[PDB]
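Can you read through this structure? Questions will come right after.
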Amino acid sequence: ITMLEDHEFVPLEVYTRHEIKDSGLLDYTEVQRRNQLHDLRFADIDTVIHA
Amino acid sequence: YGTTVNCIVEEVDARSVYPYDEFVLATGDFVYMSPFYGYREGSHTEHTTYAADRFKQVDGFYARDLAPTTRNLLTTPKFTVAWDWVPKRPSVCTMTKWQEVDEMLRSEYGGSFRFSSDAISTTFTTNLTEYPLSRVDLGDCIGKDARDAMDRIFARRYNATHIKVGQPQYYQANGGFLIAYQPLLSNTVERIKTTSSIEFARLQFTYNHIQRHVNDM
Amino acid sequence: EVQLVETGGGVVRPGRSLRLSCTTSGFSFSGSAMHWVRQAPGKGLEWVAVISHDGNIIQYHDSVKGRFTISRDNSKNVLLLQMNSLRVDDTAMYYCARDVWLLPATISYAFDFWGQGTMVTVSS
Amino acid sequence: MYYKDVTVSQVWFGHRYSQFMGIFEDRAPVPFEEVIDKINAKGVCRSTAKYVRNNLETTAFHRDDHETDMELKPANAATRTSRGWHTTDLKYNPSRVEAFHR
Amino acid sequence: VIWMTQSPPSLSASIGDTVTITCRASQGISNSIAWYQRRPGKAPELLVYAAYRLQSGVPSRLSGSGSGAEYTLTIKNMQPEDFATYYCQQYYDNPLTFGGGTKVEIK
Amino acid sequence: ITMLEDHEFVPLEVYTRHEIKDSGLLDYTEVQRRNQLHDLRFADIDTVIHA
Amino acid sequence: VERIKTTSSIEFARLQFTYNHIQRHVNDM
């Protein structure tokens, strides 16, 4: 009679939540972030021209 | 030509994610500013994108019948989001309390700690070295939540048979779990990432139970 | 029998550091934690520092942040307390209090046996 | 992505102070030859955008001036922003003249 | 910082009398208090930890009680070897703090 | 010889699907729903003015 | 009247069945 050896069950998952989220083509959060930062990045939202 | 102005005041709920550099609103429009940015308690060190002229802060602000507190307003190019300022460190945390195990046995075997919880049928494996709380970003609320939970559980169940031993001990287990642990005696900086399933730990506990039983018998 | 022989105390003018050491006869290191508790004249006792059984857990009183250093050498059973920039308020009876033993490897923050005392004063 | 944000705005200049009446924001493509010659090689871009909206061919001149080649320059860096580029930072608006829809 | 208030600062009782001393806390410490006594000219010795536990050698007359932020050490039928200073020390949080101290001198 | 005691495996997830869905900063249908209730609530979509 | 919510993650029931089978067998033998 031989004792059953100790076993360690490492965490395992084919699809983590990060890659499950990245599976979708477009993410609304990222798309909206880029589209709303577009104005700030490619234009001046503070300079005021009066003439 | 014909114009129209409709001043609209809407009570939406905002949401921000680590590192809380900016927060989204219920209307789907971003605000590129940390929710905790301000002037008091060294809040100016928080990251903001809009210039300081477009942001102002009011101390002692009372609402409208439509206890004064501070107010943190802003003027985005489209709207004006306003939210009462709060201290970041006690206001937000990057770890959520998952389960409160009334009786979680701790054992040392093979150079590791095997926190086995028969209540939820889950065994974790952690290093002997106690995980320092300073290593956790914005983890001050962890201590408060853990202390409250253990005090409640001890008063409810263990005050008649067991006693606590010192301050609670914190260990980080495999899979991205932090086990705030308080040993009992019977009267007789980085962000940790957590796995999406506790299946490994549940299988570890089941295998351990079966293995100890069959080995002993 | 447990005996906490401690030395290194003496009059020191304010400005520089000092070293305190403690020797354990009956109490065995690597099995129990050790504290340092001071008792200023005219006041009660005051906790200062604690060292774990092996030394990987160090906690200091809020009044000795960045100024006091604690260390132990389990081989010779000697506990070391090194303080830097000691001020006048540090005049106290420093005891090498031993943390009570309740579990194999736990620091209980309760003192079961204390040292006799040592004269540590900062006068100018 | 090589596009020209063609935007046109009609502004009321009132008896005392100005007011908008519409901003037609649009994204316009650029010719293959423009990308090959001016964008990649010389690092510049034209002030005009020849493109087909609404089944019609249209061009827009930046600041409504004659054709010129602005020097393409990097966009100001914001939080979590990759490398973008834009020729103009401000946006042209009509000069104030009384009681005219400009 | 947890503040200890070991009231009253001093009392007086003869042999065989009963005496009670009270320790308060700035916030609930959940039975994480320790009681210390010093015989005149002697080193401190542990008496009560976990607020209701007595170690080996402690007389059974001594007994701790209370919960939350209230903890009282009660000595019944005090003997000659029981008249000394008493200190209440908490260990719920950090830094560790001690009580002001109470005195029991024979009248 | 003693019997292996009965054990009850209660349901247990690190992250429920509800909080996984709520983990996103911006929610697809909720954002669209609010933006489309905007007109209906903050304006009248039935009153007709003729003059 | 009410609507019940499934917890998903049938793994709890699968481990329950596996433990029940193994425990029944080992207990009987």
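In this document, chain identifiers A, B, C, D, E, F and G correspond to the written order of the chains, with residue numbering beginning at 1 in each.
Here is the rule we go by: a residue touches a chain if its C-beta (ideal position, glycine included) is under 8 Å from a C-beta of that chain, and two chains touch if they have at least 3 such contacts.
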> Counting one step for each move to a touching chain, how far apart are chain B and chain E?
Replying inline: 1
> Based on CA centres, what chain would you say lies at the far end from chain B?
Replying inline: D
> Which chain pair is joined by more contacting C-beta pairs, F-G or B-D?
Replying inline: F-G
>> Can you work out the whole-Å distance between the CA centroids of chain C and chain F?
In response: 57
> How many angstrom between the C-alpha centroids of chain E and chain C?
Replying inline: 23
> How big is the gap, in whole Å, between where the Cα atoms of chain A centre and where those of chain D centre?
Replying inline: 32
>> Roughly how far is chain B from chain F, centre to centre by C-alpha average, rounded to an integer in Å?
In response: 21
> Going by the touch rule set out above, which residues of chain C reach two or more other chains?
Replying inline: 108-110
> Out of chain A, which residues touch more than one other chain, so two or more?
Replying inline: 17, 28-29, 32-33, 37, 40
>> If a residue has to touch 2 or more other chains to count, which residues of chain E qualify?
In response: 49, 91, 94
>> If I apply the definition of touch given earlier, which pairs of chains qualify?
In response: A-B, A-D, A-F, B-C, B-D, B-E, B-F, B-G, C-E, F-G
> Which part of chain A faces chain F closely enough to touch in the complex?
Replying inline: 17, 21, 27-29, 32
> In their complex, what parts of chain F are in touch with chain G?
Replying inline: 3-4, 6-13, 16-17
>> Going by the contact rule set out above, which residues of chain D touch chain A in the complex?
In response: 5, 75-76, 78, 80-81, 84, 86, 89-91, 93, 95-96
> Which of the residues in chain F come into contact with chain B in the complex?
Replying inline: 1-2, 4, 7-10, 12-15, 25-26, 30-32, 34-35, 38, 42-43
> Where on chain G does chain F make contact in their complex?
Replying inline: 7-9, 12-13, 15-16, 19, 23, 26-27
